[PDB]
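In the structure tokens that follow, a single protein chain appears in two forms: structure 1, then structure 2.
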Structure 1
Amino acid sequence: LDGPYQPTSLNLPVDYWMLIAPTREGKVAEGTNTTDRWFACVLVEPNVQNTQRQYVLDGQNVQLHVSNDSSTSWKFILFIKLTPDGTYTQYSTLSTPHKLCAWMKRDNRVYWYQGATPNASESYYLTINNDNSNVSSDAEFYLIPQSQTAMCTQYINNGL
């Protein structure tokens, strides 16, 4: 567990989980290959009835629909658009009272933990084909090597 790192932008090295620790509901982080994937994760607090919320994604205000029917778990939602003028679309969610999410660049992909703790797992990915894909995090984060995926899984499901 290398960190915390302060919010920043980076060419996230391949084969590291970026375990992100946001402070509260809102945008958490964005990333892109600049070609055909612009992705973002947002965090929704417990007890949110279906609604639109405004996020600044790719520099622009976007109204996205969110909900969280848990009274204890936060919900991370992973949104992806495929072109600059496209639509950010929900692909995956992670429900967790421990407030942590993680993604990793590996195998020409970005892997992402999804499901509901305490058996969330790294079962979603998108294809990026760009090992220099850039990530900008508004939150503190940690780096965990892929060799220690089992530990990242432990932290996702139980906190630090």
Structure 2
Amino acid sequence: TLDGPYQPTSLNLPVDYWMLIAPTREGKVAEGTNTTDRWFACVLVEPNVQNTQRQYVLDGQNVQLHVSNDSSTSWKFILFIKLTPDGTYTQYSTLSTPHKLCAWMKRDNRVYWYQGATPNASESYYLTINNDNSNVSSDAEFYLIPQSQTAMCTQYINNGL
């Protein structure tokens, strides 16, 4: 079930809900943290982007990041992670898709996202201890999908809404 859409915002997301984010333009898509040892950032890159540095607002300040997208047809979401409050975001995972949809979810002890190349992208996860101060921000409209209906989230990620 597609709950939404919702306008951009920041909150402590309840566990077991995919945030399916649907941006229209390249740029920062989302960020999230448990405030202790994980800071996540997702950016969207348009097709045919040669190695370059782009500036994004992350964790409250401007940050320069290396990006590229070798595809002529798919857009590319890139997940960056830093593991300390004053560390350095580094590229961790990518999703290549012509549909410009990405998703993430919090569960007990994990954060999930989709990775690979549509239409055969699949879920990946990272050990993350959730807390009462955890928070996530979406810069684009998004939907919520219950974890019980993960198959439908996968359907949308790979094949479009």
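Numbers given to residues start at 1 and step along the sequence of structure 1. Definition used throughout: the rigid core is the maximal C-alpha set that superposes within 1.5 Å between two forms.
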{"property": "From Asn130, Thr32, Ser92, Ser95, residue displaced between the two structures - CA threshold 2 Å or more, rigid core", "result": "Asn130"}
{"property": "C-alpha positional change at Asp107 between the two structures - rigid core reference, Å", "result": "2.8"}
{"property": "C-alpha positional change at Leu19 between the two structures - rigid core reference, Å", "result": "0.3"}
